[PDB]
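Take a look at the structure below.
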Amino acid sequence: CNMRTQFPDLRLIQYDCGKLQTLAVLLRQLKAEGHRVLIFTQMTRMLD
DNA sequence: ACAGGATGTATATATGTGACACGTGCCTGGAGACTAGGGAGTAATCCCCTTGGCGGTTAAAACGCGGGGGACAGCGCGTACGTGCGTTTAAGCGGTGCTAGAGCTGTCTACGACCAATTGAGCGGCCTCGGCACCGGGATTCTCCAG
């Protein structure tokens, strides 16, 4: 099955998107400090 | 699971009350030469309305879910409508036998169109109050269980 058709991963949604990559790094670094975060974005379906 | 007993077709035939054929005539297309007016072919103006869609919030759909009271099936019975039979009513299918009134023809005005003016409705274009529209009471009115 794997060797005949390749489907998009769908699991790690940070794959294509460098915005989410740097956000993952940033949130991971902030987690040690644990002081909590507001993440603002317009585009209601980007919050998804 | 039959058979009298009816009713319904199917096939054939013929001559006479309607379908076709043929000649005529004569009103009506067809053909032709002018004269607009009408409509087409562009060229300008003014609108509205889609642009692509997004993410907030709302009303309207849409869905769950009980349950109740109507949609049907069952059963019955009790008229009432068809079925058939005898009568008789009166319509049909031909006739005779007037004259009322279509249908037409002609004649001739009153009537319609044109026809250039003329003007006075009328329609558009803003303005400005009343009049519905929605609201917020409280008081009569229904609807639903409850005895």
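In the structure tokens, chains take letters A, B, ... by order of appearance, with residues numbered from 1 within each chain and ligands from 1 in the order shown.
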message = Using only C-alpha atoms (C1' of nucleotides) and a distance of at most 8 Å, pull out the residues of chain A that contact chain B, as a PyMOL selection string.
response = chain A and resi 42-44
Suppose we keep N, CA and C atoms; can you now write the selection as an mmCIF file, in the first residue's frame?
data_model
loop_
_atom_site.group_PDB
_atom_site.id
_atom_site.type_symbol
_atom_site.label_atom_id
_atom_site.label_comp_id
_atom_site.auth_asym_id
_atom_site.auth_seq_id
_atom_site.Cartn_x
_atom_site.Cartn_y
_atom_site.Cartn_z
ATOM 1 N N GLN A 42 -6.795 36.348 12.900
ATOM 2 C CA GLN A 42 -8.021 36.447 12.125
ATOM 3 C C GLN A 42 -8.111 35.173 11.280
ATOM 4 N N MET A 43 -9.013 35.145 10.298
ATOM 5 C CA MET A 43 -9.261 33.918 9.536
ATOM 6 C C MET A 43 -9.835 32.790 10.391
ATOM 7 N N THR A 44 -11.111 32.919 10.773
ATOM 8 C CA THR A 44 -11.739 31.988 11.712
ATOM 9 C C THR A 44 -11.331 30.533 11.468
#
query = How many Å separate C1' of residue 4 (chain B) from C1' of residue 86 (chain B)?
reply = 24.6 Å
query = Using the chain letters and numbers from this document, which residues of chain A does DSSP assign to alpha helix (DSSP H), as an MDAnalysis selection string?
reply = chainID A and resid 18:31
key: Distance in Å - CA of residue 24 (chain A) versus CA of residue 6 (chain A)   =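 Taking CA of residue 24 (chain A) as the start and CA of residue 6 (chain A) as the end point, the length is 25.8 Å.
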